Every structure is written in structure tokens, then in C-alpha cells.
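Asker: Please see the structure below; I have some questions.
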2 protein chains.
Amino acid sequence: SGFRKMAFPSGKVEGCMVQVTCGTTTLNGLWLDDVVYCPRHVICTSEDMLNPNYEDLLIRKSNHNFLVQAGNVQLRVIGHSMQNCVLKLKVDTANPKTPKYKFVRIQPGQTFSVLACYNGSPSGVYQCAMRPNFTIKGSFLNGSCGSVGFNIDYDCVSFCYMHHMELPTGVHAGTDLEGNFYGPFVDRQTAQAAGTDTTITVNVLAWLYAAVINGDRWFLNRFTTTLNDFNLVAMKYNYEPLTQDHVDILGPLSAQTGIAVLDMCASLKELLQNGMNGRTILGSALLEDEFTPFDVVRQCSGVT
Amino acid sequence: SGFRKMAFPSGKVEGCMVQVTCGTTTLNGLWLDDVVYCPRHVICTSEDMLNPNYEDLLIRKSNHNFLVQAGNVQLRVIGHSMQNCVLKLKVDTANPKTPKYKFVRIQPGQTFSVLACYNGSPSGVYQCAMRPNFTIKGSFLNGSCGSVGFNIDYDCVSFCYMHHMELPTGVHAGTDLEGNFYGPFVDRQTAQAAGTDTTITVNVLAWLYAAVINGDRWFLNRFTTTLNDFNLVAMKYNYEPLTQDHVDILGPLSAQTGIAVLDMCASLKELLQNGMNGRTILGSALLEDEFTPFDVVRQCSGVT
Ligand SMILES: O=C(Nc1c[n+]([O-])cc2ccccc12)[C@@H]1CCOc2ccc(Cl)cc21
Ligand SMILES: O=C(Nc1c[n+]([O-])cc2ccccc12)[C@@H]1CCOc2ccc(Cl)cc21
């Protein structure tokens, strides 16, 4: 019982974090096998960030200009290449702590853990979601660039995010591990505004199912709805449209609780229209949308 | 920028988790040096839990009746003793991954990370606080007993909690690493009710300071108050009384923001009296109390 915003155990990713310095810029790198991945803006000064031409700035950099430090020991850089917005620094030593891993590009609404680091050292771990506007709401300070987002399936770490920047609104933007930004963001110090941060409907529904499993049932109404009727209300409240794929994905939670997905949609529709009235659901006064149906199942079943 | 409920990196504690089985009961153990710490109810059957006499049940147990497995390898148990509500199983092998550590008994209002485990395997990490009624609001299922709570100061892990039980209300109870329960709870399957779960005032104030640092300033009022006037309102709202020690502890946040502690108390007093009016502070529709002043400073400064 109880329901928490839970992050994956971070040990497997802590064993991959290194410090990358190029000139006077220091950030974090991810060391997997004999390659260190890091944001390509490690080659930029603060002035360069205003309008960087990365291919040009990279011409002035050699292997020896990238200082990679794992713990308090220096790694020898024997190659470097730019792939989209990340640099891959080939080192002469394979990371002995390299876990089984994959690089995945997640979809909006998917959650992941972030191991926030400074100077290649982990400071904390938190859970977040890729927002429908492709930003994330993280917690990152100067030096946190290169911190990664990941999910773990038993012993395989799927890295899905690498932190690159903060927008003027305090929201965050980054890339997958192939260097492609999520959303339309670019690694330049220029005004970039985020789109509408809509609520991940399927995630709210999953968390209402978690609430029912953990005993918070006050919001269960006597109504049902259809996907079309629900979606009319959802659009009005800046909630993402719910599809039959989302209903399918919620099937295991529907079965566990005996509450049909569309009945839970009707309860959510009434919560949107009536508000919480000062009440809480799982200790929250707002509808939480950063638990996927998979996270709810995993947390409520005990997957390790 | 951004402010998250952040847990400590869990790697150092993941390297200590083992599975402890006694007969047909399996839970988690913490392996530090050549000792495995676990809840003493590992010796009980479900029937025994109703009214256990631990000293008597322990007479029927020998070293070979405690099965300790670290990963998929069995540890040899060469001694066992009960200290309060924990069993200490002396093993013949010192844990090679033993980090620098301390056992601390925390005070109500103090936060810590929990590495939730099942069968000695980590499933997730979350942050919580020792409530003023000495319960915690965790996320624990069958088999999670023996999961620990901890804080990290650079490279030293201070273990402060070991999970033992869930109360009928879905809140959690456990001990420090010397086996002493927090609060008045006993390791028996008997009706035990929690006291008032008051709000940790000093923590709410710290989180309002974090909100100001991260740009959420709408709630800043034009008022000030005194500790006595504030505390009259705080008692009425089931908030813990604020002391001059709490004001001292908030001094660094007051200095960072230029907002005097008593002015922030007046803003909190108005939030209590007026409510949020549908607004949010750091993405929350309620006043968060599970960030200590130290956590706010650490997260806003980047301590690794
Ligand atoms: O965004 C950047 N830094 C930081 C990132 N984050 O997330 C938080 C921070 C806080 C406090 C100072 C720095 C921070 C750098 C700094 C300059 O502007 C850009 C523009 C594009 C790119 Cl890809 C990175 C950057
Ligand atoms: O509390 C216990 N289990 C579990 C603990 N927690 O936190 C969640 C759980 C969920 C689902 C089944 C079990 C769970 C056991 C089970 C029996 O009653 C007691 C009474 C006292 C003591 Cl010290 C431990 C226990």
C-alpha cells in the first residue's frame, strides 16, 4: 500500500557517469563500453552559445582537448565524432561497469528516471515524463548537462534522454542518445518557447486506478462515458485525446479493479468539471500525470 | 531551475541489499561489513505475527535456519543475535561493496530516501519524511520488509530506517538500524492507529523558499507576523509549531532570497487562510512538507 513517485534504482547508471571538459566548459558524460556520450555544446564558450556553428567549432578541437575523468582517474581519448547534438568520445578503456543497455527514443507521455549529475558525480534521482510539448520538468543547475534519463527492464538500462538545456521558462530540453532533440529545440542560446503542456490523460487514468488499488475511492462516480464524449471534455481541459490504444493499455488496471476504462473516464470527466473540492487523491490536490499504466502495474506488483 | 522530489543516488545502498529467508518467510536484509541486518519478524509465520514472543521463537532458530543470498550466491551465517526489533546475522564474508556508513536515528520532519526492495532486489527509490506521528508514507508491498531509508553526505551513507510494517490505514512503520521503532509501534499484527499527521511547518517554509528561488512568487504577500501569531494559525491548521531553531535553520534560504523568515511565515499564514484558489506552487496544488531546509539548499546548490 501507498503510492509514490518512484525512480528506478540508479546504481547501474551511476557507474557510467563521467566528467567531460573541453577548454573551460565542464559537463557530464555517459560512459558505455569505450565511448563517452556528451552534449556537443561542451565545445562552446558562453559567447559561442549565442550562435554556434558546431561543425566549425569542432574543427578547432582534437582528441586531447576533451578531458574525460571517471572518478579521479583520467581516460585517454582516442577518437571523437559528432552525431547530431551529441559528441561520442572514443576512449581506450571500456567501462568495466557498463550495464546491458539500449538507446531508445521515447514518446510523449512516457516516464523515465533522471540521475542528475554535476562534474560527473551523481547528486540525486527523480522521476519525470516527456511532456506532450517535448519538454521535461526536471531539476537541473549549471553543470547538469549530460545527465541522463533512463528506464530499466530487470538488468537492461534503456537510456532515453540526455539533458542539454533550460528554456527561459525553467522547463528543460534534451536529446535521445543518438543526439536528436525531443521536440523542436536546438542547442543554441536563443529564445525558444514551449508549446501547450497538455495533461497525459492515459497517465492520469492509470494513477486513478492506482488510487483505487490503494483505497482512495471517493472520486468513483456512478457514470460512464464514451471516448468521443470524454474527449470533448478532455480537449476543453487541455488533456491529451484518449485513444482505443490507451484503453487497451489500461486493460490490466481495469481488470485488477473491476472498473471499466470508460467508467474511470467518466469519473475523471466529473473531477475535471467539479474540481477536487479541497480533497486529495493519493496525497495530491491535482491529477497526477507522470505515472504510466506500466509504472502503476510495476509499482503495484513489485517488479525488480 | 525546476524543483523535484529528489532521492539520493541509490547505488551505494543497492550494493548492500540481500535476501533473508527463515523457514517460509522471505524479506530483505542490509549487508554491511560481515553483518546482515533484517526485521526480526523474518522468524515468524503469518499466524505467529498475531502475538509473537520473539525471544521464544528465536530459541527454535539456529545459524543454518537463516538463508542469506547476495545476488545468486549464498552467504554463510556464523552467528545471529536480536537487537530490539532487528536481527543481526553475522556472515563469514564482509560485504565488498560496504560503503562508509553510520546508523542514525532521525527526528520527525527529517527526510530520507527509501530503496524499496523485494527478495533482496531493488525495485525503486523514492523520497519521504518521518512524519510528526512517526509513521512514513511509503510504497511497500509484501516482501518489502527490510528495505531501508538513508541519507548520503558525499560518500557516507547514514542509514536511518528499516521497513517493518504497514498499519491498517496504509501508512508505514519501522525502526532505526538499532531495531528501535520510530514512534509507539510494535512488530505485531494488532490494531495500531497513528496519531495526528501534522504538517512539517519548517519544511513547507523551505519549499516556499525553493519556489521563490525557482520563480514561483505569486504567493508572496505584503505582510509579516511573529512566531506567536503564526503559531496560533499553525495550530488551527494542524501544522507543527515553528520554533526559533526552525527560523535559524531557514537563515540560509532567507539570505539567498532576501525574504525574512517571518515574512515567509506571513505568506504561509495567508495561504492557509485563503487557500491556493486553484493555483499551484512548484507544480503542486497543496503545500509540500517533505523537503527539509537542507534538501532545498542541497538541490538549489548542487551538492554531489
Ligand atoms: O542551458 C544551459 N545551461 C543550464 C541548463 N539547465 O537545465 C539549468 C541551468 C541552470 C543554471 C545555469 C545553467 C543551466 C546552457 C547555458 C547557456 O544556454 C544554453 C543554450 C543551449 C544549450 Cl544546449 C545549453 C545552454
Ligand atoms: O506489515 C506486514 N507486511 C507488509 C508491509 N507493508 O508495508 C506492505 C505490505 C503489503 C502487502 C502485504 C504485506 C505488507 C507484515 C504482515 C503481517 O502483519 C505484520 C505485522 C507486524 C509486522 Cl512488523 C509486519 C507485518
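By convention in this document, the chains of the C-alpha cells carry letters A, B, ... by their order, each chain's residues are numbered from 1, and ligands are numbered from 1 in the order they are shown.
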If we count only C-alpha atoms and set the cut-off at 8 Å, which residues sit around residue 100 of chain A, ignoring sequence neighbours fewer than 3 positions away in its own chain? Please answer as a list in words.
Answerer: residues 155, 156 and 157 of chain A
Asker: Identify all chain B residues at most 6 Å from chain A by counting only C-alpha atoms; ligands do not count. Present them as JSON, numbers by chain.
Answerer: {"B": [1, 2, 3, 4, 6, 7, 8, 9, 10, 11, 121, 122, 123, 124, 125, 126, 138, 139, 140, 170, 285, 286, 303, 304]}
Asker: Quick one: write out the picked residues with N, CA and C atoms as a PDB file, in the first residue's frame?
Answerer:
```pdb
ATOM      1  N   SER B   1      17.171  25.442 -12.540  1.00  0.00           N
ATOM      2  CA  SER B   1      15.765  25.710 -12.331  1.00  0.00           C
ATOM      3  C   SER B   1      14.946  24.418 -12.336  1.00  0.00           C
ATOM      4  N   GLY B   2      13.741  24.513 -11.814  1.00  0.00           N
ATOM      5  CA  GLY B   2      12.916  23.346 -11.598  1.00  0.00           C
ATOM      6  C   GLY B   2      13.193  22.827 -10.198  1.00  0.00           C
ATOM      7  N   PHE B   3      12.205  22.183  -9.614  1.00  0.00           N
ATOM      8  CA  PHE B   3      12.331  21.652  -8.268  1.00  0.00           C
ATOM      9  C   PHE B   3      11.605  20.347  -8.210  1.00  0.00           C
ATOM     10  N   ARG B   4      12.341  19.291  -7.910  1.00  0.00           N
ATOM     11  CA  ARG B   4      11.803  17.946  -7.908  1.00  0.00           C
ATOM     12  C   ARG B   4      11.928  17.278  -6.583  1.00  0.00           C
ATOM     13  N   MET B   6      13.468  14.752  -4.976  1.00  0.00           N
ATOM     14  CA  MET B   6      14.672  14.079  -5.393  1.00  0.00           C
ATOM     15  C   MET B   6      15.156  13.129  -4.344  1.00  0.00           C
ATOM     16  N   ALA B   7      15.505  11.921  -4.748  1.00  0.00           N
ATOM     17  CA  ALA B   7      16.069  10.936  -3.840  1.00  0.00           C
ATOM     18  C   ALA B   7      17.573  10.909  -4.016  1.00  0.00           C
ATOM     19  N   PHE B   8      18.312  10.398  -3.026  1.00  0.00           N
ATOM     20  CA  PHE B   8      19.755  10.259  -3.167  1.00  0.00           C
ATOM     21  C   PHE B   8      20.022   9.172  -4.199  1.00  0.00           C
ATOM     22  N   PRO B   9      21.164   9.251  -4.900  1.00  0.00           N
ATOM     23  CA  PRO B   9      21.542   8.151  -5.809  1.00  0.00           C
ATOM     24  C   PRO B   9      21.621   6.857  -4.972  1.00  0.00           C
ATOM     25  N   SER B  10      21.022   5.763  -5.444  1.00  0.00           N
ATOM     26  CA  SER B  10      20.867   4.581  -4.612  1.00  0.00           C
ATOM     27  C   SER B  10      21.939   3.513  -4.713  1.00  0.00           C
ATOM     28  N   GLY B  11      22.855   3.616  -5.669  1.00  0.00           N
ATOM     29  CA  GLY B  11      23.899   2.627  -5.907  1.00  0.00           C
ATOM     30  C   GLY B  11      24.605   2.067  -4.685  1.00  0.00           C
ATOM     31  N   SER B 121      16.274  -7.582  -4.032  1.00  0.00           N
ATOM     32  CA  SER B 121      16.447  -6.899  -5.298  1.00  0.00           C
ATOM     33  C   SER B 121      15.760  -5.551  -5.297  1.00  0.00           C
ATOM     34  N   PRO B 122      16.488  -4.492  -5.663  1.00  0.00           N
ATOM     35  CA  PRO B 122      15.874  -3.157  -5.681  1.00  0.00           C
ATOM     36  C   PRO B 122      14.829  -2.978  -6.768  1.00  0.00           C
ATOM     37  N   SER B 123      13.686  -2.398  -6.412  1.00  0.00           N
ATOM     38  CA  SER B 123      12.623  -2.135  -7.370  1.00  0.00           C
ATOM     39  C   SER B 123      12.499  -0.647  -7.684  1.00  0.00           C
ATOM     40  N   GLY B 124      12.789   0.214  -6.712  1.00  0.00           N
ATOM     41  CA  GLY B 124      12.685   1.647  -6.938  1.00  0.00           C
ATOM     42  C   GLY B 124      13.191   2.476  -5.790  1.00  0.00           C
ATOM     43  N   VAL B 125      13.355   3.767  -6.022  1.00  0.00           N
ATOM     44  CA  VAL B 125      13.821   4.673  -4.994  1.00  0.00           C
ATOM     45  C   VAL B 125      12.915   5.896  -4.916  1.00  0.00           C
ATOM     46  N   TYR B 126      12.524   6.266  -3.697  1.00  0.00           N
ATOM     47  CA  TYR B 126      11.669   7.439  -3.505  1.00  0.00           C
ATOM     48  C   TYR B 126      12.069   8.188  -2.267  1.00  0.00           C
ATOM     49  N   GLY B 138       5.080   5.545   2.657  1.00  0.00           N
ATOM     50  CA  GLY B 138       5.932   4.918   1.663  1.00  0.00           C
ATOM     51  C   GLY B 138       5.139   4.225   0.583  1.00  0.00           C
ATOM     52  N   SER B 139       5.788   3.281  -0.077  1.00  0.00           N
ATOM     53  CA  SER B 139       5.182   2.468  -1.104  1.00  0.00           C
ATOM     54  C   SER B 139       5.795   1.108  -0.911  1.00  0.00           C
ATOM     55  N   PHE B 140       5.099   0.247  -0.158  1.00  0.00           N
ATOM     56  CA  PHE B 140       5.648  -1.045   0.194  1.00  0.00           C
ATOM     57  C   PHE B 140       4.634  -2.148   0.017  1.00  0.00           C
ATOM     58  N   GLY B 170      -2.748   2.023   5.757  1.00  0.00           N
ATOM     59  CA  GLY B 170      -1.857   2.105   4.605  1.00  0.00           C
ATOM     60  C   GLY B 170      -0.637   2.982   4.798  1.00  0.00           C
ATOM     61  N   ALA B 285      -0.653  21.552  -6.024  1.00  0.00           N
ATOM     62  CA  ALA B 285      -1.838  22.275  -5.537  1.00  0.00           C
ATOM     63  C   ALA B 285      -1.993  22.223  -3.998  1.00  0.00           C
ATOM     64  N   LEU B 286      -1.035  21.629  -3.307  1.00  0.00           N
ATOM     65  CA  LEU B 286      -1.001  21.631  -1.859  1.00  0.00           C
ATOM     66  C   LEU B 286       0.393  22.040  -1.385  1.00  0.00           C
ATOM     67  N   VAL B 303      24.781  19.815  -4.527  1.00  0.00           N
ATOM     68  CA  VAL B 303      25.709  19.002  -3.748  1.00  0.00           C
ATOM     69  C   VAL B 303      25.706  17.587  -4.290  1.00  0.00           C
ATOM     70  N   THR B 304      26.892  17.016  -4.525  1.00  0.00           N
ATOM     71  CA  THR B 304      27.012  15.663  -5.052  1.00  0.00           C
ATOM     72  C   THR B 304      27.662  14.736  -4.026  1.00  0.00           C
TER      73      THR B 304
END
```
Asker: Within 7 Å of segment 179-191 of chain A, counting only C-alpha atoms, which residues show up once you throw out same-chain ones fewer than 6 positions away? Write them as a PyMOL selection string, please.
Answerer: chain A and resi 49-52+83-86+133-134+173
Asker: For the residues in that selection, give me N, CA and C atoms as a tab-separated table (two decimals), in the first residue's frame.
Answerer:
```tsv
chain	number	residue	atom	x	y	z
A	49	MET	N	27.57	29.97	-27.54
A	49	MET	CA	26.18	29.50	-27.45
A	49	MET	C	25.17	30.38	-28.13
A	50	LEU	N	25.46	31.68	-28.25
A	50	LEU	CA	24.53	32.62	-28.87
A	50	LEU	C	24.22	32.26	-30.31
A	51	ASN	N	25.22	31.80	-31.05
A	51	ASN	CA	25.02	31.38	-32.44
A	51	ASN	C	26.16	30.42	-32.80
A	52	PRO	N	26.12	29.18	-32.29
A	52	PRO	CA	27.22	28.25	-32.57
A	52	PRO	C	27.14	27.52	-33.90
A	83	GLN	N	27.48	13.26	-33.46
A	83	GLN	CA	26.31	12.61	-34.02
A	83	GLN	C	25.14	13.46	-33.63
A	84	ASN	N	24.62	14.27	-34.56
A	84	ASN	CA	23.53	15.18	-34.26
A	84	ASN	C	24.00	16.17	-33.15
A	85	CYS	N	23.34	16.22	-31.98
A	85	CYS	CA	23.74	17.14	-30.93
A	85	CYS	C	24.55	16.50	-29.80
A	86	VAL	N	25.07	15.29	-30.00
A	86	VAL	CA	25.96	14.68	-29.01
A	86	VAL	C	27.33	14.41	-29.61
A	133	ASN	N	4.54	18.50	-25.09
A	133	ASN	CA	5.21	19.54	-25.88
A	133	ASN	C	6.74	19.25	-26.01
A	134	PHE	N	7.17	18.02	-25.66
A	134	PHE	CA	8.54	17.52	-25.73
A	134	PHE	C	9.55	18.21	-24.84
A	173	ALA	N	14.99	20.85	-21.94
A	173	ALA	CA	15.05	20.23	-23.25
A	173	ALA	C	16.33	19.44	-23.42
```
Asker: Output as an NGL selection string all residues of segment 40-257 of chain A that backbone DSSP marks as strand (DSSP E or B).
Answerer: :A and (66-70 or 73-75 or 77-83 or 86-91 or 100-103 or 111-118 or 121-129 or 136 or 148-153 or 156-166 or 172-175 or 181 or 199 or 239)
Asker: Which residues come within 9 Å of residue 145 of chain B, counting only C-alpha atoms, excluding same-chain residues fewer than 5 positions away, as a list in words?
Answerer: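 The residues satisfying every condition are residues 26, 27, 28, 29, 38, 39, 42, 116, 117, 118, 140, 162, 163, 164, 165 and 174 of chain B.
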Asker: Hey, what's within 9 Å of residue 239 of chain B if we count only C-alpha atoms and toss same-chain stuff fewer than 3 positions away? As a ChimeraX atom specification, please?
Answerer: /B:197-201,231,233-236,242
Asker: Got time to write the residues from that selection, C-alpha atoms, as an mmCIF file, in the first residue's frame?
Answerer:
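selection-v2.cif was written with the following content:
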```cif
data_model
loop_
_atom_site.group_PDB
_atom_site.id
_atom_site.type_symbol
_atom_site.label_atom_id
_atom_site.label_comp_id
_atom_site.auth_asym_id
_atom_site.auth_seq_id
_atom_site.Cartn_x
_atom_site.Cartn_y
_atom_site.Cartn_z
ATOM 1 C CA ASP B 197 -0.301 13.627 10.894
ATOM 2 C CA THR B 198 0.512 17.303 11.259
ATOM 3 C CA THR B 199 2.273 19.323 8.553
ATOM 4 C CA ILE B 200 6.054 19.933 8.974
ATOM 5 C CA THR B 201 5.948 23.747 9.008
ATOM 6 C CA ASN B 231 1.766 29.517 15.617
ATOM 7 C CA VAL B 233 -2.774 29.892 12.878
ATOM 8 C CA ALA B 234 -0.429 26.907 12.537
ATOM 9 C CA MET B 235 -2.097 25.051 15.449
ATOM 10 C CA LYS B 236 -5.530 25.680 13.875
ATOM 11 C CA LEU B 242 7.567 26.833 14.444
#
```
Asker: Per DSSP on the backbone, what are the helix (DSSP H, G or I) residues of segment 5-139 of chain A, as an MDAnalysis selection string?
Answerer: chainID A and resid 11:14 40:43 48:50 54:59 63:65
Asker: Neighbouring residues of residue 267 of chain B were defined as those with any atom within 10 Å, considering only C-alpha atoms; residues of the same chain fewer than 2 positions away were excluded. Please report them as a list in words.
Answerer: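 Residues near the query, excluding close chain neighbours: residues 205, 208, 219, 220, 221, 222, 223, 224, 225, 261, 262, 263, 264, 265, 269, 270, 271, 272 and 273 of chain B.
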Asker: Nearest residue to residue 218 of chain A out of A:290, A:203, A:192, A:268, using only C-alpha atoms?
Answerer: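 Among A:290, A:203, A:192, A:268, it is A:268 that comes nearest to residue 218 of chain A.
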Asker: Would you list the contacts of residue 177 of chain B as a list in words, taking every protein, DNA or RNA residue within 7 Å and counting only C-alpha atoms, but skipping same-chain residues closer than 2 positions in sequence?
Answerer: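 My list of contacting residues is residues 103, 159, 160, 161, 162, 175 and 179 of chain B.
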Asker: Quick one, how far is atom CA of residue 71 of chain B from atom CA of residue 31 of chain B?
Answerer: 11.8 Å
Asker: Go ahead and compute the interatomic distance for atom CA of residue 88 of chain B and atom 6 (N, counted along the ligand's line) of ligand 2, in Å to one decimal.
Answerer: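 Interatomic distance here is 21.0 Å.
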Asker: What is the atom 9 (C, counted along the ligand's line) of ligand 1-atom CA of residue 102 of chain A distance in Å, reported with one decimal?
Answerer: 27.2 Å
Asker: Would you please work out which residue, of A:132, A:241, A:293, A:146, is nearest to ligand 1 when using only C-alpha atoms and all ligand atoms?
Answerer: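 Checking each candidate against ligand 1, we get A:146 as the closest.
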